[PDB]
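Asks: Structure, please.
(chains A, B, C, D, E, F and G, ligands or ions: 16)
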Amino acid sequence: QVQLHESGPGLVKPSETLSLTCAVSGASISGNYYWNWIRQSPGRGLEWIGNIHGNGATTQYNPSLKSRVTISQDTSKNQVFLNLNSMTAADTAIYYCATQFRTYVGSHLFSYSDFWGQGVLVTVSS
Amino acid sequence: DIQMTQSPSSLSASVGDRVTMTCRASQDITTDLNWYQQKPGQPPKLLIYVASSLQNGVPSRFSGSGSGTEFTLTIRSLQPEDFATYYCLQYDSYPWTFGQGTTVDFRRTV
Amino acid sequence: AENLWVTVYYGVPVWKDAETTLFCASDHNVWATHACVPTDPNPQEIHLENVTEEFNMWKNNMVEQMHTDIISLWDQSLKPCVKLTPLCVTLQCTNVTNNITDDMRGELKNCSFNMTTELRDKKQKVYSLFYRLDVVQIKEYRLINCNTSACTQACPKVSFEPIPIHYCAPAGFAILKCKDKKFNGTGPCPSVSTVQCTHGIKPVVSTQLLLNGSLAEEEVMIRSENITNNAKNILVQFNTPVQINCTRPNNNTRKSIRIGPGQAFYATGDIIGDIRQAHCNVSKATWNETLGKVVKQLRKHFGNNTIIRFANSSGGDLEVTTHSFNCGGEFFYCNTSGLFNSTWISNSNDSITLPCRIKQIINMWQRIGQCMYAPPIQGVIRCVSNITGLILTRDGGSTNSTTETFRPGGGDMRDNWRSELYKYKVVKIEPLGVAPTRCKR
Amino acid sequence: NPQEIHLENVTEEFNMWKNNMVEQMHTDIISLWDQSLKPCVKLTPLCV
Amino acid sequence: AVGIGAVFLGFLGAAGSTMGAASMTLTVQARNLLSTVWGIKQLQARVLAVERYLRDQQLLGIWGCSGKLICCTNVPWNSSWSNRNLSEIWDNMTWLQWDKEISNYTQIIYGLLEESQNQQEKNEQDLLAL
Amino acid sequence: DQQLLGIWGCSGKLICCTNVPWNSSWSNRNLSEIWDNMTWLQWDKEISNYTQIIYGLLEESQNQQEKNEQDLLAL
Amino acid sequence: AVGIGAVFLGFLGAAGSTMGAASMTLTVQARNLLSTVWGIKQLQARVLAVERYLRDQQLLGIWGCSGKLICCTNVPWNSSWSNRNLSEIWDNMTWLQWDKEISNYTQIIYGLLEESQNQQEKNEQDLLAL
Ligand SMILES: *[C@@H]1O[C@H](CO)[C@@H](O[C@@H]2O[C@H](CO)[C@@H](O[C@@H]3O[C@H](CO)[C@@H](O)[C@H](O[C@H]4O[C@H](CO)[C@@H](O)[C@H](O)[C@@H]4O[C@H]4O[C@H](CO)[C@@H](O)[C@H](O)[C@@H]4O)[C@@H]3O)[C@H](O)[C@H]2NC(C)=O)[C@H](O)[C@H]1NC(C)=O
Ligand SMILES: *[C@@H]1O[C@H](CO)[C@@H](O[C@@H]2O[C@H](CO)[C@@H](O)[C@H](O)[C@H]2NC(C)=O)[C@H](O)[C@H]1NC(C)=O
Ligand SMILES: *[C@@H]1O[C@H](CO)[C@@H](O[C@@H]2O[C@H](CO)[C@@H](O)[C@H](O)[C@H]2NC(C)=O)[C@H](O)[C@H]1NC(C)=O
Ligand SMILES: *[C@@H]1O[C@H](CO)[C@@H](O[C@@H]2O[C@H](CO)[C@@H](O)[C@H](O)[C@H]2NC(C)=O)[C@H](O)[C@H]1NC(C)=O
Ligand SMILES: *[C@@H]1O[C@H](CO)[C@@H](O[C@@H]2O[C@H](CO)[C@@H](O)[C@H](O)[C@H]2NC(C)=O)[C@H](O)[C@H]1NC(C)=O
Ligand SMILES: *[C@@H]1O[C@H](CO)[C@@H](O[C@@H]2O[C@H](CO)[C@@H](O)[C@H](O)[C@H]2NC(C)=O)[C@H](O)[C@H]1NC(C)=O
Ligand SMILES: *[C@@H]1O[C@H](CO)[C@@H](O[C@@H]2O[C@H](CO)[C@@H](O)[C@H](O)[C@H]2NC(C)=O)[C@H](O)[C@H]1NC(C)=O
Ligand SMILES: *[C@@H]1O[C@H](CO)[C@@H](O[C@@H]2O[C@H](CO)[C@@H](O)[C@H](O)[C@H]2NC(C)=O)[C@H](O)[C@H]1NC(C)=O
Ligand SMILES: *[C@@H]1O[C@H](CO)[C@@H](O[C@@H]2O[C@H](CO)[C@@H](O)[C@H](O)[C@H]2NC(C)=O)[C@H](O)[C@H]1NC(C)=O
Ligand SMILES: *[C@@H]1O[C@H](CO)[C@@H](O)[C@H](O)[C@H]1NC(C)=O
Ligand SMILES: *[C@@H]1O[C@H](CO)[C@@H](O)[C@H](O)[C@H]1NC(C)=O
Ligand SMILES: *[C@@H]1O[C@H](CO)[C@@H](O)[C@H](O)[C@H]1NC(C)=O
Ligand SMILES: *[C@@H]1O[C@H](CO)[C@@H](O)[C@H](O)[C@H]1NC(C)=O
Ligand SMILES: *[C@@H]1O[C@H](CO)[C@@H](O)[C@H](O)[C@H]1NC(C)=O
Ligand SMILES: *[C@@H]1O[C@H](CO)[C@@H](O)[C@H](O)[C@H]1NC(C)=O
Ligand SMILES: *[C@@H]1O[C@H](CO)[C@@H](O)[C@H](O)[C@H]1NC(C)=O
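Replies: Numbers count the residues shown, from 1 in each chain, chains lettered A, B, ... in the order given. Ligands and ions are numbered 1, 2, ... in the order given. Okay, here it is:
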């Protein structure tokens, strides 16, 4: 079973950079998969930050956050890295890393696969 | 960004009752849409994919329908494990936009 | 009344145990990769859910195939270069006593002899240095193998360094891998996967110690075909390695003697500087901790209140009785007496030094009538290795005493292959099946 | 009686400098040469 | 239509799936079957694989299911072989378990299939005689 | 090659015309300009980059036909 | 029922039997066809047998009788090939004698079968064009 685990600092001061890691076990990233970063907060709920494509390295970001986010990955270490600079109090939230894809046999759909991590809580305060 | 609206905000129902929830999109998204279920202290769980296909392992009581800018989730026989937060997600065009979510709570005697 | 009818399906996923011949997949060496296919950059693995398989390391056919392939490659490697037929001549030898220590006295002989040349009607007087284990008295000595066979000289251009090799199944066959930790080599494995080829395996040749191997992911593992029986070897796999530093510090010199048309024999000219004994070093605290873990695991199978003794080897040939290996192209045989010498009762920077002897005439496999001569290596040599496992044997094992004694073992190289291919098996597919369905022809 | 079929309206591409038949011919000639010299005398004692 | 990737099912990818779902991936298994001394061993293995494939094709043709991956026949299913209904077979069991269960009822089924095919061929020949 | 032919349901035949319709994107030439004014080599050269999709369509059509026939025989 | 033995017919067991009786044992002969230097010889023999079987199957498919042991055709029987009636053929003659008798009329029959199959294919293609 594909499993995703998040790891990062629990506290980040204002104006600092949050660096989060998502480790994937049971499957490879070199294939055609879509990896998304999401955050949930009481005041905003689930919010999509961005996503990346493993094979092509094409990355998309939320426009409102596009100027402050970066997403990269390491296939050899089997990890996905998120960098969020200029942290503020509104950035306190639970961050999840999710993966999505589907399986085919020729031109016939076989299964639809999505997986989510347990999540990591991040709080912003001096 | 494609705005997504979920209705009703909340609704109380008893076990075995029929529940209906609606998701509206600002712009047409064809049939690209997912319905997820999230209990307190738990991550989201996929319930319906492509707005009309039941995910493997999901009970058959849940169902989804609609297209364009109007989609509907129907729970035919509500169960104690079905009381959670239902989220509507669209992925037709970036950026992804999650709905505010609909909360289903148990209705019991005072 | 049933109104159900037979229906034939072709291509169903059903398999059974089978034996076949796997082929190469590998990214001058004795283990020729030229006749081995290149490996894919991104191997694929399919985890099978709800599939519980049966595994048994002690009846694996892949070990025999690996042994045969290794022996075949070794045989083919030594063919195209010189054979030392003329080396069987009477030698006039004296003792070497130029700047030697007390522990190296008599281990080297300065010998002189006559030899043929490129012209069959001429002879040349030459001299060399030989080890005491390679010469037998007939002041007149002779090579040890002269009354058995003629040795084929090792071939300078090739190297003895192991390289990884992967084994892949043919069409119609599959390789199943058990991903269950704590699996002791026999029984049911619930976590199974299908793989096209196995992981890279280094064919390391050693006795009494497994070097440059793999480490357990959970803790120290003990495996045996029948632990109650005392005639079966016990394989111990560590969870962390133990560093060992071996060295020959003599500054050797090499010279070439032309013994015929396009045939050169390599001899040891002289040693520059002092003469000392090759030796190995291993950390003391790490070895003590490893032995503590090993005895802790052994108490699980051999009672919780038993005294566990580690003692010296029984005896026999030098190879079986000593830790034999190859370092820098030189064949070392080390006396592992300071390691397996202790007793355990239920309840800084110093290192253990093991002396070693160097040998040149080699019979690597357990065969008689096929020897090999290793040319000398110029200069000081040293190497560093990881110890990751042991091969032990239980001495006696009667009910008269409550003490259990374990001694180092080895000899058979198949065990060295068994420690790596324990989690793999081969199956063959059966695509034909019959099921009930509601058609009718 | 060897046979030949002339193909009309067929224009092909040719390149003598990347022909694999030359390598095969060279290898076969060398192999036949090696086999021919096996079963007769070796002049080992001639070096005096 | 953006945000999801695609992958292809591998060899023996549906081993753990149910019979109903596993019956939809016959081609991936079928395609895999076809594709000094070491050369002899490899050639022997290839020839043996080809012979096995030809034998399987001949056996399929003997039953009248030539050139077919799924070919449901006229032989009725005896209740003695298995009393389980369809719902407990195609939706709650895998192919390996099914093969294990009915491992000792296969030769009689093959003989019945051969006899049924022979009878059908004879009846067709008699019909065409008119 | 025989197995690939059998997968499409054209087993044991040299000519087997199928149910898959012809898309105009693959080629716009009419029949008169194909079977009477062109050779096989030129035709293969022209449509060399539209073959895999045709093979996939043929496989899917054969699968659909087999499923429909199996459903029909169930009555 | 008790006290009666049973055996299986062997390879070429119906060689001396009549054509009608011998035509009921085609599978026993059909199955047998499939299944340093000495290894080369054995491998060459196996490859030659496989090639012969494939050639025979290709010829049968070209005739339009793919995957069949008995196949009816549209070619009428000419009296010049043999004037004997059915009763004297299927009940009073063996396959070896029949092959010996009509050994000099086989290629023309093969050509007629090929032409008939080609005409049938063309007619079917024309019919499907409507
Ligand atoms: C367990 O694994 C470890 C690490 O993987 C092994 O330790 C490594 O061992 C290799 C081989 O001994 C060693 O590589 C050598 O390093 C030497 C020092 O840098 C080099 O001099 C040497 O090159 C010589 O040998 C090659 C053939 O192996 C020749 O191709 C090359 O041209 C060199 O030969 C020249 O020099 C000699 C001597 O003067 C001369 O006679 C020749 O004619 C020629 O002129 C190798 O590159 C690694 O450096 C080791 N790594 C570490 C970290 O120590 C260890 O051996 C393994 N354990 C076992 C039991 O195998
Ligand atoms: C081994 O013996 C040979 C021959 O006795 C030694 O070579 C001689 O060395 C001395 C002193 O260096 C020279 O004077 C002689 O001319 C050498 N003899 C020849 C034939 O060259 C050699 O030194 C000895 N080696 C050792 C290690 O004892
Ligand atoms: C190399 O050959 C020479 C010549 O045969 C050997 O010298 C002879 O040795 C024998 C035995 O001691 C004597 O009987 C002869 O008188 C010697 N002849 C000469 C001309 O010296 C020499 O001993 C051989 N070398 C070795 C190391 O044995
Ligand atoms: C493991 O080894 C023991 C010791 O040999 C086996 O037990 C012996 O079996 C033989 C069989 O003839 C008896 O003669 C001995 O009396 C037995 N000895 C003891 C102490 O039991 C045991 O069977 C082996 N295990 C397996 C699974 O075969
Ligand atoms: C093995 O250990 C011994 C010490 O027990 C080492 O001997 C020392 O080696 C160093 C080399 O740098 C010298 O400077 C010291 O003088 C030596 N001391 C003694 C007491 O001999 C030996 O070098 C070690 N060998 C290896 C390969 O690690
Ligand atoms: C084996 O040799 C290695 C170096 O080749 C030794 O590693 C050194 O260990 C000392 C600790 O005493 C450190 O101070 C050095 O920095 C290490 N050097 C390197 C390059 O790692 C190792 O200790 C030796 N082991 C034994 C048992 O002698
Ligand atoms: C293990 O240790 C014992 C003694 O501790 C060794 O026995 C010695 O062997 C040598 C060589 O034959 C004798 O000279 C000694 O007299 C023996 N000592 C005793 C007390 O018997 C034994 O050889 C060691 N094992 C190995 C493999 O060397
Ligand atoms: C391996 O090493 C051990 C330990 O040094 C050797 O045992 C010693 O052997 C000598 C023989 O000269 C005795 O004098 C010592 O008393 C022995 N030591 C002990 C502690 O008893 C052993 O002999 C070595 N192996 C071989 C084959 O020689
Ligand atoms: C001895 O073991 C250590 C630890 O297992 C090896 O060091 C590891 O080497 C691998 C190479 O694939 C690295 O991925 C690890 O990060 C290393 N770990 C540490 C702690 O350094 C070492 O290479 C081994 N040495 C030999 C000669 O096999
Ligand atoms: C060489 O030294 C060994 C060991 O000291 C001794 O046994 C032998 O007799 C010596 N041989 C000589 C001096 O010829
Ligand atoms: C060769 O000689 C050694 C020592 O003299 C001896 O042990 C061995 O048995 C001999 N070989 C044969 C075949 O007799
Ligand atoms: C350990 O090996 C024994 C050998 O008989 C086996 O019975 C046992 O099941 C194995 N351990 C586990 C956990 O399977
Ligand atoms: C060995 O001797 C050579 C030649 O004198 C010298 O160059 C080299 O440095 C010596 N080796 C060491 C380790 O000193
Ligand atoms: C073996 O251990 C004993 C202590 O039990 C010690 O006296 C002896 O010196 C040791 N021998 C070796 C060779 O390490
Ligand atoms: C494995 O078994 C469980 C329960 O036995 C089932 O829910 C699951 O679907 C099975 N796996 C697959 C891939 O069908
Ligand atoms: C052999 O020939 C005789 C007489 O021609 C005939 O009666 C008999 O049936 C033949 N054998 C078989 C097996 O038909």
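Asks: what's stretch C:85-96 in contact with?
Replies: Contact with stretch C:85-96 is made by C:106, C:108-116, C:129-130, C:135, C:138-143, C:146, C:150-151, C:259-260, C:265, C:275, C:373, as judged by CB atoms under 8 Å, 6 or more residues apart in numbering or on different chains. (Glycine included, C-beta is placed from N, CA and C.)
Asks: buried subset of these?
Replies: Buried subset of the contacts of stretch C:85-96 (neighbour count, 16 or more other CB atoms under 10 Å in any protein chain shown): C:108-111, C:113, C:115-116, C:129-130, C:135, C:141-143, C:150-151, C:259-260, C:265, C:275, C:373.
Asks: Now do the contacts for residue E:117.
Replies: E:62-64.
Asks: repeat that with 10 Å
Replies: Going by CB atoms under 10 Å, 6 or more residues apart in numbering or on different chains, residue E:117 touches C:441, E:61-65, E:73-75.
Asks: any chance of those in a markdown table, plus secondary structure and neighbour count?
Replies: Converted to a markdown table, these look like this (DSSP: H, G, I helix; E, B strand; the rest coil; neighbours: other CB atoms under 10 Å in any protein chain shown):
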| residue | secondary structure | neighbour count |
| --- | --- | --- |
| C:441 | coil | 14 |
| E:61 | helix | 19 |
| E:62 | helix | 19 |
| E:63 | coil | 18 |
| E:64 | coil | 21 |
| E:65 | coil | 22 |
| E:73 | strand | 23 |
| E:74 | strand | 16 |
| E:75 | strand | 21 |
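Asks: For the residue in chain B positioned nearest to ligand 9, which non-adjacent residue is spatially closest?
Replies: Closest to ligand 9 within chain B is residue B:43: 31.9 Å, counting by CB to the nearest ligand atom. Closest residue to residue B:43 apart from its sequence neighbours, by CB to CB, 6 or more residues apart in numbering or on different chains: residue A:116 at 4.5 Å.
Asks: got a list of what the one you found touches?
Replies: By CB under 10 Å, 6+ apart, the residues touching residue A:116 are A:4, A:36, A:38, A:96-100, B:36, B:38, B:42-46.
Asks: Could you rerun that using 6 Å?
Replies: Contacts for residue A:116 were tallied using CB atoms under 6 Å, 6 or more residues apart in numbering or on different chains; they are A:96, A:98, B:43.
Asks: Show me what from chain C comes close to ligand 15.
Replies: Counting by CB under 6 Å from any ligand atom, the positions of chain C adjacent to ligand 15 are C:49-50.
Asks: Up against ligand 9, what does chain C have?
Replies: Residues of chain C lying close to ligand 9 (CB under 6 Å from any ligand atom) are C:212, C:241, C:385-386.
Asks: How about residue C:176, nearest residue that isn't a chain neighbour?
Replies: residue C:425 (5.1 Å).
Asks: which neighbours does the host helix or strand of the one you found have in its sheet, and in what orientation?
Replies: Using DSSP states H and E, residue C:425 falls within strand C:424-429. The strands that strand C:424-429 pairs with in its sheet are strand C:15-17 (antiparallel), strand C:173-178 (antiparallel) (by DSSP bridges).
Asks: Can you classify the residue in chain B that ligand 1 sits nearest to by secondary structure?
Replies: For chain B and ligand 1, the shortest gap (CB to the nearest ligand atom) falls at residue B:43, measuring 43.7 Å. When classified by DSSP: H, G, I helix; E, B strand; the rest coil, residue B:43 comes out as coil.
Asks: how close does it sit to chain C?
Replies: 21 Å (CB to the nearest CB, to the nearest Å).
Asks: Which residue ranges of chain A form strands?
Replies: With DSSP state E as the criterion, chain A has strands at A:3-7, A:11-12, A:18-25, A:34-41, A:45-53, A:59-61, A:69-74, A:79-84, A:93-105, A:108-116, A:120-124.
Asks: Name the helix or strand for the nearest residue to residue C:144 once chain neighbours are set aside, please.
Replies: Nearest in space to residue C:144, with sequence neighbours left out and distances taken as CB to CB, 6+ apart, is residue C:136 at 5.3 Å. Taking DSSP H and E as the definition, residue C:136 sits inside strand C:135-137.
Asks: Sheet-wise, list the partners of that strand with their directions.
Replies: Under the rule (DSSP bridges), strand C:135-137 has strand C:140-143 (antiparallel) as partners.
Asks: Can I get the partner strand in CSV? Just the C-alpha atoms.
Replies: Extracted C-alpha coordinates of strand C:140-143, given in CSV (Å, rounded to 0.1, in the frame of the first residue of the first chain):
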residue,chain,number,x,y,z
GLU,C,140,66.8,-29.0,-1.8
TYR,C,141,63.2,-28.0,-2.0
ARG,C,142,60.3,-28.3,-4.5
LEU,C,143,56.9,-26.8,-5.1
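Asks: could you point out which element follows it?
Replies: Next in line after strand C:140-143, if elements are assigned by DSSP H and E, sits strand C:152-153.
Asks: after that next one comes which helix or strand?
Replies: Downstream of strand C:152-153, the next assigned helix or strand under DSSP H and E is strand C:166-168.
Asks: Please name every helix or strand in contact with that following strand.
Replies: strand C:23-25 (3 or more CB pairs under 6 Å, 6 or more residues apart in numbering or on different chains; DSSP states H and E).
Asks: from the middle of its chain, how far away would the strand it packs on be?
Replies: Taking CA atoms, centre = their mean, to the nearest Å, the mean C-alpha location of strand C:23-25 is offset from the chain mean by 20 Å.
Asks: Now do the strand holding residue C:425: distance to the chain's middle.
Replies: So, by CA atoms, centre = their mean, the centroid of strand C:424-429 is 26 Å from its chain's centroid.
Asks: helices and strands around the helix or strand following that strand, which ones?
Replies: Downstream of strand C:424-429, the first helix or strand assigned by DSSP H and E is strand C:432-437. For strand C:432-437, the elements it packs on are strand C:5-10, judged by 3+ CB pairs under 6 Å, 6+ apart.
Asks: got a winner among the contacts of residue A:116 for most neighbours?
Replies: residue A:96 (22 neighbours; other CB atoms under 10 Å in any protein chain shown).
Asks: who in chain E is up against chain G?
Replies: Within chain E, the positions lying close to chain G (CB under 6 Å from any CB of the partner chain) are E:40, E:43, E:47, E:54-55, E:61, E:66, E:128.
Asks: Let me see the contact set for residue A:90.
Replies: For residue A:90, the contact set (CB under 6 Å, 6+ apart) is empty.
Asks: Can the strand or helix carrying residue C:94 be said to contact ligand 3?
Replies: Assigning secondary structure by DSSP H and E places residue C:94 in strand C:91-95. Yes - applying CB under 6 Å from any ligand atom, one finds strand C:91-95 touching ligand 3 at residue C:92.
Asks: Buried ones in that strand, by neighbour count?
Replies: C:91, C:93.
Asks: Quick check: what element follows it along the chain?
Replies: strand C:108-116.
Asks: And that following strand, what does it pack against?
Replies: Counting contacts by 3+ CB pairs under 6 Å, 6+ apart, strand C:108-116 is packed against strand C:91-95, strand C:123-131.
Asks: can you redo the contacts of residue E:117 as a markdown table with distance to residue B:82?
Replies: Shown next, in a markdown table, are the contacts of residue E:117 (distance: CB to CB, whole Å):
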| residue | distance to residue B:82 |
| --- | --- |
| C:441 | 47 |
| E:61 | 54 |
| E:62 | 54 |
| E:63 | 50 |
| E:64 | 51 |
| E:65 | 47 |
| E:73 | 45 |
| E:74 | 47 |
| E:75 | 46 |
